[PDB]
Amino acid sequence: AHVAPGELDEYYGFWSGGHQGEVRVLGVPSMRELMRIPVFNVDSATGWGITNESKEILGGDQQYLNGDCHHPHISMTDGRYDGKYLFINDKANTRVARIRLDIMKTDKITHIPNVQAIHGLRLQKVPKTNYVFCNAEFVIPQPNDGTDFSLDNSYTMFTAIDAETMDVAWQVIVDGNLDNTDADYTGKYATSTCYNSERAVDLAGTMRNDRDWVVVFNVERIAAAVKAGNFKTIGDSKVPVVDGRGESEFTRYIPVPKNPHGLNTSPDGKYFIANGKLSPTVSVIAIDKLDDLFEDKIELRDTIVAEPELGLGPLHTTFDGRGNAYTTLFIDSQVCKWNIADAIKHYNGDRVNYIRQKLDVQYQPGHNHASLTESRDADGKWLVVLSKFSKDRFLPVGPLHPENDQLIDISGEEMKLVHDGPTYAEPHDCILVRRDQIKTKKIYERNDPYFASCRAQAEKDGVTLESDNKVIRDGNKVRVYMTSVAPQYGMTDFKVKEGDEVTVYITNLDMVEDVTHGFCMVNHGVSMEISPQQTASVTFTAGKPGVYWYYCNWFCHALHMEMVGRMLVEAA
């Protein structure tokens, strides 16, 4: 539970950043932040959102200075974390991102078409992560061209993204909306909760029905239908779309108690658990009974194997791999450990007690996460509870309070609070992985994708990134290529004309671990990272004529303050 100087943490903790936009890498159990991976935010340090490389990844036809990421998930191979990728959603601007875990950098960014607010997101587990499943939370007209604002004709869709290409594979139109989602351990099924079957906007209308549902998607059927060419296209997108509304061979709507929120798959792979929220219950769906349900051999609610009452406001559930479940109670402000088997029995008529313990969590719990819970290897050692209010938990810091993610020891019979972790800009879910499930690199290979465009442009200009220090003029454009080692840039002076579009390419020749350099052009709003053997580039417009210094902003040597240069801008 304690990590001293010189010792290392056992698990990596990938924390969603919420509406702050980044992904935070913490070490567990110390609970310290080890790194920040910019994603939908603009990082002033590494220059993510500023550098050309990052802007090419972000794409889009408009620059977004924000994002809202909630659900980080790691790629899998046969129900086990393989550590290659980490995917996460953007509810603010309808995007999904992919992070390269070998270097901890956003790799791909995709815009989901004809849909709005990507919220729920999870990956396929078996045979491996071929599909990234995403939920669009808000219903809108199809197409959303402004010719019909009515909620009557507003719908949302379920989106499947090809994990290796990050291109959308297909979308499934559904009824109501989509909140959270999860997949099984076969690859055939995926499911999502719904809280707005009423497709209303006002509160009163979204709480109307006593029950909403859990939509089950038959990925096998859906994929077949798309392969056979039986699909349509919406708007200007070419993405294959299938209809999963009403009586469809692609979907099954299992009614669930009021505005269900979380939806979690158990490690054993036989239960999809929907969280009640408005209903003080949880709904346990049997994945084993799904085949018959899609064959109309049984009734919709026959898939329900249990629906135990736990407390007020259940939002998310996680598992210890020992048959117990842990659910957060928002309103009662606590986490509840209960036995699934006992819940199955109690549901059938028994009197067995299924609730084993209730631990008071410090102010309104949201997501819940137990180590390796999303894999066959759920070890039941650690449980993280991410609360939404910190009230008096930490020193006062103004009207804006931090969130409080508490580390709880669940390796034993009883839950024991171990650490109170203050956090910024509301994280939602998080995922822990064993130190050995990730294979990190320390220095870049010169053919790395993260700067393939840089050498492509270099080849055209006839420059050798690893040794040249040239200035190339191309009309109003000016490309400057520099090299960096020790406390010096391969170039300490260059001239351009006011208004010129200047691009600077910095290639870091140092090969010693942790010897990172930076580049910052004064009064030009430019900054970027250049770790060992990397090439990064940033373009800006030269300001009014005069002298503008540039310097390394990454302390790299005793002569760091001196790692400088001057850009001379003359009247055009």
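A residue's number is simply how far along the shown sequence it sits, counting from 1.
Comparing 145-153 with 96-104, which stretch shows the greater average C-alpha B-factor in the deposited entry? Result: 145-153.
Per the entry, where is the mean C-alpha temperature factor higher: 437-445 or 293-301? Looking at the record's C-alpha B-factors, the answer is 293-301.
Of the residues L310, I109, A117, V397, the one carrying the largest Cα B-factor as recorded: If I rank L310, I109, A117, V397 by C-alpha B-factor, first place goes to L310.
Top residue by Cα temperature factor, when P487, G490, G323, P72 are compared in the entry: The listed residue with the largest C-alpha B-factor is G323.
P267 - which third its CA temperature factor falls in, relative to the rest of the chain: Highest third - that is where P267 ends up once the chain's C-alpha B-factors are sorted.
Looking at the C-alpha B-factor of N89, is it in the lowest, middle or highest third of its chain? Lowest third.
Where does the C-alpha B-factor of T483 rank in its chain, lowest, middle or highest third? Within its chain, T483 is a lowest-third residue by C-alpha B-factor, going by the deposited values.
Considering only modelled residues of the same chain, in which third does the CA B-factor of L8 rank: lowest, middle or highest? CA B-factor rank for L8: highest third.
According to the PDB entry, is the CA B factor of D236 in the bottom, middle or top third of its chain, that is, lowest, middle or highest? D236: CA B-factor falls in the highest third of its chain.
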